[PDB]
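Below you'll find only one chain, the form deposited without the named molecule, shown as structure tokens.
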């Protein structure tokens, strides 16, 4: 099994020359300060897959700051230190930005957060990363420029479309990789090789997800949501029984899957007509239907959710059956007003998770009819106080006019006279 391979030709072929020359310079600085320099990770994966990947991620076997400082005086830019054991970024005025980190090992005392010491060679720094396809480096120092360093069978695992962990305790160490594996599985068209699959299942069914902290998990979750085909990933989690270990009161059923399918289908039509949609919460609107208060507080606290969220979910889960019936009978827009009156985009999606076909089509417009062509034109409360006093009664009036209007009457101030007649 080949570890070292000359990928020089491939780099000159695929990488922008302005940037290739930079990699060269960096290598050269490495020698001039006696640090081995490497580009690592996704960039190398992406190169070999022939996938554009612009950013530059540098690993040095030495002091990151020394190197960034040295680099800085030949590459005019802004040098930010960081809070990471030895991490810096040089922001070049030309636009692009260099990340620079010291090669590090991770040792795990428990299945939580690892000890780090720089006291690592590049080997150890690669050995601690998640999957073989992400654990590859290319050396930038002049004599070794364009050398693929692949300790773990990553090149081969690309050509076989495989997601494979680097050692046996990989999931137990960081159970966050359970979600990450699915994510890169759907992101390329990859499969989780047998052995690692078994490892994944053990970790899932032995409590490892619960043993990890909420925030870490949430973040890998949002990341899944922003990937290309989230629904695939979600179904993959369910295939692996992950969802229930993430949310102990949610059961992923053919019923839930349908809603979830409707959900995603309709989500962009909502970002389209209504603005930004937090996909994490949209998905929770479904996951968390029918949660009891204590099951909720447990989940609300583990992942850090808004307190009101259970209220909004409950509004949809409770009003959903009524909503279907109203869309069956082509009831007037005025009748679905109270259900969506001033609700979150996420709640909207959640309503859309229940429908398809004609009901979706109608509801979709009723919604647009509300978004716009809402909006009183002339009538204020103060257009009303010229003829009529307070107070609940004027508001009542304004909404009746709004409402007769939603079904729609294009003119006006007949509507007021018209409905004050109704009031008698």
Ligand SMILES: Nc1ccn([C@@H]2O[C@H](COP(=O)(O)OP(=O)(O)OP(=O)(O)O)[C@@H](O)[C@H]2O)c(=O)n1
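So that the term is clear: the rigid core is the largest set of C-alpha atoms that superpose within 1.5 Å between two forms. Numbering follows the first chain given and starts at 1.
In the record comparison, residue 196 is modelled in each of the other entries of this protein that model the residues flanking it, with no third of them omitting it. Figure legend: residue 112 is marked as unmodelled in at least a third of the other comparable entries of the protein.
Higher mean CA temperature factor between 396-404 and 21-29: 396-404, per the PDB entry. Mean CA B-factor, 76-84 versus 105-113: the higher value falls on 76-84. If you compare the C-alpha temperature factors of 229, 213, 334, 132 in the entry, 334 comes out highest. Residues shown: 343, 149, 96, 126. Highest C-alpha temperature factor in the entry: 96. Among the modelled residues of its chain, residue 279 has a C-alpha B-factor that falls in the middle third, as given in the PDB entry. In this PDB entry, the Cα temperature factor of residue 64 sits in the middle third of its chain's modelled residues. Residue 10: CA B factor in the lowest third of modelled residues in this chain (values from the PDB entry). When the modelled residues of the chain are ordered by C-alpha B-factor, residue 317 sits in the middle third. Ranked within its chain, residue 330 lands in the highest third, by CA B factor from the PDB record.
There is another form of the same protein, the form deposited with the named molecule bound; it is not shown, and what comes next is about it.
None of 235-243, 125-133, 350-358, 154-162 except one has non-hydrogen atoms within 4.5 angstroms of the named molecule in the entry with it bound; the exception is 125-133. This chain lacks the partner; the member of 31, 376, 399, 57 within 4.5 angstroms of the named molecule in the entry with it bound by a non-hydrogen atom is 57. When you look in the entry with it bound, the only residue of 174, 289, 346, 185 with a non-hydrogen atom within 4.5 Å of the named molecule is 174. Although the named molecule is omitted here, in the entry with it bound none of 338, 404 and 405 has a heavy atom within 4.5 Å of it. In the entry with it bound, at least one heavy atom of residue 180 sits within 4.5 Å of the named molecule. Although the partner is absent here, residue 42 lies within 4.5 Å of the named molecule in the entry with it bound, judged by heavy atoms.
Interface residues of 393-412, taken as those with a heavy atom within 4.5 Å of the named molecule in the entry with it bound (partner not displayed), are absent.
Just one residue from the list 331, 339, 92, 169 crosses the 2 Å line for C-alpha shift between the shown form and the other one on a rigid core fit, and it is 92. When the rigid core is held fixed, the Cα atom of residue 414 travels 2 angstroms or more between the shown form and the other one. Superposed on the core, the two forms barely differ at residue 134: its CA moves less than 2 Å between the shown form and the other one. Core-superposed comparison between the shown form and the other one: the CA of residue 396 exceeds or equals a 2 Å shift.
Relative to this conformation, an increase of 3 Å or more in the Cα-Cα distance between residue 135 and residue 84 is found in the entry with it bound. Between the C-alpha atoms of residue 226 and residue 95, a gap narrowed by no less than 3 Å is obtained in the entry with it bound, as opposed to the form on display.
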